[PDB]
Amino acid sequence: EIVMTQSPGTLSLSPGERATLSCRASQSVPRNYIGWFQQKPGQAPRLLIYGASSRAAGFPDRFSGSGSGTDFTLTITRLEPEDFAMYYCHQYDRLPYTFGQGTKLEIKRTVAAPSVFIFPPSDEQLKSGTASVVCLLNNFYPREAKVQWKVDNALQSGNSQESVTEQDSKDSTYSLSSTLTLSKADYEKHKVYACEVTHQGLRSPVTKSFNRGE
Amino acid sequence: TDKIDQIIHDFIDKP
Amino acid sequence: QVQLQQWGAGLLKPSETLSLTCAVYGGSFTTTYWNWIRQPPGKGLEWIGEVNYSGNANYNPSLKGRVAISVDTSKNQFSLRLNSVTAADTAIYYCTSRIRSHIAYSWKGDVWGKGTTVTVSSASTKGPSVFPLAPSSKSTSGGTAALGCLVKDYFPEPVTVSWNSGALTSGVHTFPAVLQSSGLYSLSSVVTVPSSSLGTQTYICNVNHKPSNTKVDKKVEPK
């Protein structure tokens, strides 16, 4: 077994720049059997380079692999917007086969703070016996953001679930949705519900809250 | 090249 | 000119054998090795196994006992059989050929057909519940206002949401599905619109779920 370490694991660049992705092997690869896969969201992976330096048919010359032995590198020259995707490095030399954890190549933009909104549960939903309070972080960059739920100022943990959109193709931002799930009883036992957001575009956390029964 | 590709198939067997 | 045609059973209940098959047009089984890989949702690739025309099979060391792959050159097709599957095996299965990477070989790279999404779930088909998300809590005048629709407790995965029957394409965020503890999916869609439009405007979200033949349109208005 040869463990594959790709680095850095998230690559933020802009059109025109040069992209360098690294793939490192836990053990020596004798036959220099390696490949690189490009995978766009929702689309099947496409093999890009095979072996060390060999480029697969159908791709421009700006993609070039290099390296040997324990260390391999993939270089993308004059990257156009279509190149941004997730890239995996694979080794077919020695059993068992393994894939890299993957490197995410994203498009760099200026920092943008999220627009935060909190949505209480609908009364028709409360009729069903369950209450879900939703918090939206809209159009923010970079991807990293932290959502913290508070009920009557009590920190909530483990009862929430997050979902994130892929980076928008137009403004190059991200969006995130968080759902806090409680039973109707637990919902009725508390008054102030607050969603506290921390993001690098905001000096201090922004809290959007509501009072039950407004 | 097919007959050759069969012969290349010999040494690439899974180690 | 090689092309791979894959067919198999996508949906299965837990602890049921998974049998998938992949077909080879344009090239012999003896010329190239074949292998099966799986990609779980939003996770790294995993290689379950590999097969040779002679029947020799080498499997991932974790799953060796559970997986067995058999290949028949008679029909130029090879099949993956997996036993005692569990929800953790939910993934998209791809049948591929390992990279040739030699100057002598014809079509020196690899190609595979479109993967088959395999979902392991106990829950049967169910229709989504659509709950509206309040458009405004004392929303700021001359500022962004947020409307939403909440889809909950729906299986299988495919669902489509569009606002005003697709008439509203801008500022529309439809979020990926989330599988809850019960085993049913939960998804949400949200849109941002000018606060001035709320009094002027009507916003309806259309949720459509084909497997359950459940189509629900809802109207989101401030109360």
# chains A, B, ... in the order shown; residues from 1 in each chain; ligands from 1

call {"tool": "interface_residues", "arguments": {"of": "chain C", "to": "chain B", "cutoff": "8 Å", "atoms": "only C-alpha atoms", "output": "list in words"}}
result
residues 30, 31, 32, 58, 104, 105 and 106 of chain C

call {"tool": "write_last_selection", "arguments": {"atoms": "N, CA, C and O atoms", "output": "tab-separated table (two decimals), in the first residue's frame"}}
result
chain	number	residue	atom	x	y	z
C	30	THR	N	-8.33	-9.68	-23.40
C	30	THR	CA	-6.96	-10.13	-23.19
C	30	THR	C	-5.95	-9.00	-23.36
C	30	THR	O	-4.84	-9.09	-22.81
C	31	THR	N	-6.30	-7.95	-24.10
C	31	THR	CA	-5.35	-6.88	-24.38
C	31	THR	C	-5.16	-5.96	-23.19
C	31	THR	O	-4.04	-5.47	-22.96
C	32	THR	N	-6.21	-5.70	-22.43
C	32	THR	CA	-6.18	-4.72	-21.36
C	32	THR	C	-6.79	-5.29	-20.09
C	32	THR	O	-7.76	-6.06	-20.15
C	58	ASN	N	-7.72	-9.27	-8.11
C	58	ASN	CA	-7.04	-8.69	-6.96
C	58	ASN	C	-7.91	-7.59	-6.39
C	58	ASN	O	-8.27	-6.64	-7.10
C	104	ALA	N	4.05	1.25	-26.72
C	104	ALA	CA	3.65	0.27	-27.72
C	104	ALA	C	2.13	0.12	-27.81
C	104	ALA	O	1.60	-0.09	-28.91
C	105	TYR	N	1.42	0.22	-26.69
C	105	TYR	CA	-0.01	-0.03	-26.70
C	105	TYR	C	-0.76	0.92	-27.63
C	105	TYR	O	-0.39	2.09	-27.79
C	106	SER	N	-1.83	0.40	-28.23
C	106	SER	CA	-2.80	1.22	-28.94
C	106	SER	C	-3.72	1.90	-27.93
C	106	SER	O	-4.02	1.35	-26.87

call {"tool": "residues_around", "arguments": {"residues": "residue C:87", "least_positions_apart": "6", "cutoff": "12 Å", "atoms": "only C-alpha atoms", "output": "ChimeraX atom specification"}}
result
/C:11-16,40,118-123,179,183

call {"tool": "closest_atom_pairs", "arguments": {"of": "chain C", "to": "chain A", "cutoff": "8 Å", "atoms": "only C-alpha atoms", "output": "tab-separated table"}}
result
residue	atom	partner	partner_atom	distance
C:44	CA	A:101	CA	5.5
C:45	CA	A:99	CA	6.0
C:46	CA	A:99	CA	6.6
C:47	CA	A:97	CA	6.3
C:59	CA	A:96	CA	7.6
C:60	CA	A:96	CA	6.1
C:61	CA	A:96	CA	7.0
C:98	CA	A:92	CA	7.0
C:99	CA	A:50	CA	7.0
C:101	CA	A:51	CA	5.6
C:109	CA	A:56	CA	6.5
C:110	CA	A:47	CA	7.4
C:114	CA	A:44	CA	6.9
C:115	CA	A:44	CA	7.3
C:131	CA	A:125	CA	6.2
C:132	CA	A:122	CA	6.3
C:133	CA	A:119	CA	5.6
C:134	CA	A:119	CA	5.7
C:135	CA	A:119	CA	7.7
C:137	CA	A:210	CA	7.7
C:146	CA	A:117	CA	6.9
C:173	CA	A:175	CA	7.7
C:174	CA	A:165	CA	7.7
C:175	CA	A:165	CA	5.7
C:176	CA	A:163	CA	6.2
C:177	CA	A:163	CA	7.5
C:178	CA	A:163	CA	6.9
C:188	CA	A:177	CA	7.8

call {"tool": "select_by_dssp", "arguments": {"residues": "chain B", "states": "helix (DSSP H, G or I)", "output": "ChimeraX atom specification"}}
result
/B:2-8

call {"tool": "residues_around", "arguments": {"residues": "residue A:187", "least_positions_apart": "2", "cutoff": "9 Å", "atoms": "only C-alpha atoms", "output": "PyMOL selection string"}}
result
chain A and resi 130-132+182-185+189-191+212

call {"tool": "write_last_selection", "arguments": {"atoms": "N, CA and C atoms", "output": "PDB file, in the first residue's frame"}}
result
ATOM      1  N   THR A 130     -42.627  18.544  14.178  1.00  0.00           N
ATOM      2  CA  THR A 130     -41.197  18.796  14.087  1.00  0.00           C
ATOM      3  C   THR A 130     -40.968  20.258  13.734  1.00  0.00           C
ATOM      4  N   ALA A 131     -39.864  20.807  14.237  1.00  0.00           N
ATOM      5  CA  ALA A 131     -39.506  22.202  14.009  1.00  0.00           C
ATOM      6  C   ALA A 131     -38.072  22.270  13.510  1.00  0.00           C
ATOM      7  N   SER A 132     -37.882  22.874  12.339  1.00  0.00           N
ATOM      8  CA  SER A 132     -36.563  23.081  11.755  1.00  0.00           C
ATOM      9  C   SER A 132     -36.358  24.573  11.535  1.00  0.00           C
ATOM     10  N   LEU A 182     -35.236  20.417  15.891  1.00  0.00           N
ATOM     11  CA  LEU A 182     -35.724  20.138  17.233  1.00  0.00           C
ATOM     12  C   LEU A 182     -37.172  19.679  17.152  1.00  0.00           C
ATOM     13  N   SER A 183     -37.588  18.922  18.161  1.00  0.00           N
ATOM     14  CA  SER A 183     -38.980  18.519  18.266  1.00  0.00           C
ATOM     15  C   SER A 183     -39.848  19.729  18.598  1.00  0.00           C
ATOM     16  N   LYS A 184     -41.134  19.628  18.258  1.00  0.00           N
ATOM     17  CA  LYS A 184     -42.048  20.736  18.514  1.00  0.00           C
ATOM     18  C   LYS A 184     -42.018  21.139  19.981  1.00  0.00           C
ATOM     19  N   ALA A 185     -41.963  20.159  20.885  1.00  0.00           N
ATOM     20  CA  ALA A 185     -41.894  20.469  22.308  1.00  0.00           C
ATOM     21  C   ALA A 185     -40.647  21.286  22.629  1.00  0.00           C
ATOM     22  N   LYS A 189     -40.345  25.147  24.109  1.00  0.00           N
ATOM     23  CA  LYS A 189     -39.802  25.380  25.442  1.00  0.00           C
ATOM     24  C   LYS A 189     -38.824  26.550  25.501  1.00  0.00           C
ATOM     25  N   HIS A 190     -38.544  27.213  24.378  1.00  0.00           N
ATOM     26  CA  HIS A 190     -37.548  28.276  24.339  1.00  0.00           C
ATOM     27  C   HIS A 190     -38.093  29.461  23.552  1.00  0.00           C
ATOM     28  N   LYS A 191     -37.497  30.628  23.798  1.00  0.00           N
ATOM     29  CA  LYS A 191     -37.974  31.894  23.253  1.00  0.00           C
ATOM     30  C   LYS A 191     -37.057  32.452  22.172  1.00  0.00           C
ATOM     31  N   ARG A 212     -39.811  33.445  19.266  1.00  0.00           N
ATOM     32  CA  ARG A 212     -40.938  32.586  18.932  1.00  0.00           C
ATOM     33  C   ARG A 212     -42.257  33.295  19.218  1.00  0.00           C
TER      34      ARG A 212
END

call {"tool": "atom_distance", "arguments": {"atom1": "atom CA of residue A:72", "atom2": "atom CA of residue A:25"}}
result
8.2 Å

call {"tool": "atom_distance", "arguments": {"atom1": "atom CA of residue C:85", "atom2": "atom CA of residue C:66"}}
result
8.2 Å

call {"tool": "atom_distance", "arguments": {"atom1": "atom CA of residue C:221", "atom2": "atom CA of residue C:153"}}
result
23.2 Å

call {"tool": "residues_around", "arguments": {"residues": "residue C:116", "least_positions_apart": "3", "cutoff": "12 Å", "atoms": "only C-alpha atoms", "output": "PyMOL selection string"}}
result
(chain A and resi 44) or (chain C and resi 5-11+18-22+36-40+90-95+112-113+119)

call {"tool": "residues_around", "arguments": {"residues": "residue A:84", "least_positions_apart": "5", "cutoff": "10 Å", "atoms": "only C-alpha atoms", "output": "VMD selection string"}}
result
chain A and resid 11 to 15 38 to 40 79 104 to 107

call {"tool": "select_by_dssp", "arguments": {"residues": "stretch 148-182 of chain A", "states": "strand (DSSP E)", "output": "number ranges by chain"}}
result
A: 148-151, 154-156, 160-164, 174-182
